[PDB]
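K.L.:
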Amino acid sequence: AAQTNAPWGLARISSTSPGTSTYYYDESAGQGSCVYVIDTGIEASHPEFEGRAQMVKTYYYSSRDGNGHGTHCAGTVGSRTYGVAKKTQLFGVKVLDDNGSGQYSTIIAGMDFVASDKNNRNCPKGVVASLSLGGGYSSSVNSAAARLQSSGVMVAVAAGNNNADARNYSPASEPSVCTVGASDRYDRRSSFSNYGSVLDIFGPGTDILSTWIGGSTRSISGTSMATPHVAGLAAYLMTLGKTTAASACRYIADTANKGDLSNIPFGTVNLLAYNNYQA
Ligand SMILES: [Ca+2]
Ligand SMILES: [Ca+2]
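Residue 124 in the authors' numbering sits at position 124 of the sequence shown, with consecutive numbering throughout.
Here it is, written out as structure tokens:
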């Protein structure tokens with residue numbers, strides 16, 4: 001399949017080179033996989049989700065996404081126009097309030113929820129969790145991410161937007177998950193992207209068009225706009241049978257575009273998520 005005039009990030013993950021406009025992908029499109037978006041929620045009614053999104057848990061008074069952040073991230077995973085995995089099932093877990101903030105205890109609960117809840121769901125191609133969030137280092141938060149991974153979920157987390165070593169941020173610094181940095185359309189490390197030895201992979205994160213609340217769309221930037229690219233790619237590869245929840249981050253790194261990025265500090269991987277699609 002080919003989506004012409006795709007958002008640059010989708011085009012980028014299906015090319016060995018920057019500057020293309022077409023997103024090439026296998027038409028299976030992550031069908032039969034499930035991605036939990038742990039965030040501010042998902043506006044499941046957005047036409048772009050085609051009924052494939054639903055809220056499954058909230059830690060606040062409502063399950064509504066009153067911010068937009070979670071809806072944007074979910075859109076990059078699996079919306080029709082803006083998504084990597086256009087036929088995946090999306091599950092919303094609202095651990096962040098409508099200002100985009102959340103307590104560590106709640107974020108941990110949300111992770112533990114997904115580890116259990118997946119057993120109530122029909123996801124024959126496997127399960128992914130996308131965590132576009134984080135704060136300062138916490139062993140408790142890291143441990144929760146490690147548990148979720150261990151339970152058989154592909155966990156992808158944002159590296160953070162501090163232009164610093166991700167070792168001092170959680171869940172970014174948990175080694176056993178997939179820690180995602182951000183790049184821009186000219187293959188530069190995004191100016192804000194964290195870096196460091198803990199990063200597994202980079203994804204498109206600067207000027208990312210996706211879904212927004214009120215049935216709208218907008219372009220925003222962050223390591224968290226890169227995280228769902230990798231989560232969606234994982235789901236896509238899992239549907240294809242190329243890899244598993246336990247091994248997908250490694251597989252993505254194995255098959256990444258190598259050395260294409262600039263302003264990568266010594267000691268940080270120079271690896272850009274790539275679907276290696278051959279028609
Ligand atoms: Ca290249
Ligand atoms: Ca890792």
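Beta carbons are placed, not taken as given, at the ideal position from N, Cα and C, and that holds for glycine.
1. Can you list, in chain order, the stretches of the alpha helix (DSSP H) that have 4 or more residues and sit fully within the stretch 186-262?
2. So, for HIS229: in the same chain, excluding its five sequence neighbours on each side, which residues have a beta-carbon less than 7 Å away from its beta-carbon?
3. Residues bridged to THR179 by DSSP?
4. Can you say whether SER216 is buried or exposed, counting buried as having 16 or more other CB atoms within 10 angstroms of its CB?
5. Quick one: residues in its chain with C-beta nearer than 7 Å to the C-beta of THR106, no 5 flanking neighbours on either side, listed in chain order?
6. Thinking C-beta only, is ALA256 closer than 9 Å to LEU271?
7. Give me the Cα-Cα distance between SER183 and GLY110, rounded to the nearest whole angstrom.
8. Please check the pair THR239 and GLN31, which I expect to be a contact at CB under 8 Å, by giving their CB distance rounded to whole angstroms.
9. Starting from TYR104, follow the alpha helix (DSSP H) in both directions and report where the run begins and ends.
10. Are three or more beta carbon pairs between the stretch 244-254 and the stretch 188-199 nearer than 8 Å?
11. Go ahead and label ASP112 buried or exposed: buried means 16 or more other beta carbons lie within 10 angstroms of its beta carbon, across all protein chains shown.
12. If you compare alpha carbons, which of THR40, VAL128 and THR88 is closest to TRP212?
13. Ordered along the chain, which non-local residues of its own chain (more than five positions away) have a Cβ less than 6 Å from that of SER21?
14. Once you ignore the five residues that flank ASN142 on each side, which residues in its own chain have a CB closer than 8 Å to its CB?
15. In terms of residue numbering, what span does the beta strand (DSSP E) encompassing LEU131 cover?
16. Should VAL157 and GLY134 be called a contact, given that it needs their Cβ atoms to be closer than 9 Å?
17. Under 7 Å from any heavy atom of ligand 2, by CB: list those residues in chain order, please.
18. Alpha carbon to alpha carbon, how far is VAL56 from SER101? Give it in angstroms, no decimals.
19. For a test of the three-state rule: what should DSSP assign to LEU96, helix, strand or coil?
20. For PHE49, count neighbouring C-beta atoms within 10 Å of its own C-beta (all shown protein chains included) and say buried if the count is 16 or more, exposed if not.
21. Helix, strand or coil for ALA279 per DSSP?
P.N.:
Let's see:
1. 223-239 and 248-254
2. Position 229 of the sequence shown, counted from the first residue, corresponds to residue 229. So the qualifying residues of the chain are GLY9, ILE13, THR76, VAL84, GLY203, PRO204 and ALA273.
3. Locating residue 179 in the sequence shown gives position 179, counting from the first residue. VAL157, per the DSSP bridge assignment.
4. The residue given as residue 216 occupies position 216 in the sequence shown. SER216 is exposed by the Cβ-count criterion.
5. Counting from one through the sequence shown, the residue named residue 106 turns up at place 106. Correct list, in chain order: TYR59 and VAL95.
6. If you number the sequence shown from 1, residue 271 lands on position 271. If you number the sequence shown from 1, residue 256 lands on position 256. A contact, by the Cβ cut-off of 9 Å.
7. Walking along the sequence shown from the start, residue 183 turns up at place 183. Walking along the sequence shown from the start, residue 110 turns up at place 110. Using only the alpha carbons, I get a separation of about 28 Å.
8. Here residue 239 corresponds to residue number 239 of the sequence shown, with the count starting at 1. Here residue 31 corresponds to residue number 31 of the sequence shown, with the count starting at 1. About 6 Å separates the two Cβ atoms, so the contact holds.
9. The count along the sequence shown starts at 1 and reaches residue 104 at position 104. Per DSSP, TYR104 belongs to the alpha helix (DSSP H) from 104-117.
10. no
11. The residue you call residue 112 lines up with position 112 of the sequence shown. Exposed, because fewer than 16 other Cβ atoms sit within 10 Å of the Cβ of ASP112.
12. Walking along the sequence shown from the start, residue 212 turns up at place 212. Nearest C-alpha to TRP212: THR40.
13. Translated into positions along the sequence shown, residue 21 becomes position 21. If we look at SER21 and ignore the five residues flanking it on each side, its Cβ neighbours are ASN5 and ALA11.
14. Numbered from 1 along the sequence shown, position 142 holds the residue referred to as residue 142. Same-chain partners within the cutoff: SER170, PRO171, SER173 and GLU174.
15. Numbered from 1 along the sequence shown, position 131 holds the residue referred to as residue 131. First-last of the beta strand (DSSP E) with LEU131: 126-131.
16. Here residue 157 refers to the residue found at position 157 when the sequence shown is read from its first residue. Here residue 134 refers to the residue found at position 134 when the sequence shown is read from its first residue. Going by C-beta atoms, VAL157 is nearer than 9 Å to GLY134.
17. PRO175, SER176, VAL177, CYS178, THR179, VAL198, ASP200 and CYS249
18. The count along the sequence shown starts at 1 and reaches residue 101 at position 101. The count along the sequence shown starts at 1 and reaches residue 56 at position 56. Those two C-alpha atoms are separated by around 19 Å.
19. Position 96 of the sequence shown, counting from 1, holds the residue named residue 96. If DSSP states are grouped into helix, strand and coil, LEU96 belongs with coil.
20. Start at 1 with the first residue of the sequence shown, and residue 49 comes out as number 49. Classification for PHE49: buried.
21. Your numbering for residue 279 matches position 279 in the sequence shown. It is coil, neither helix nor strand.
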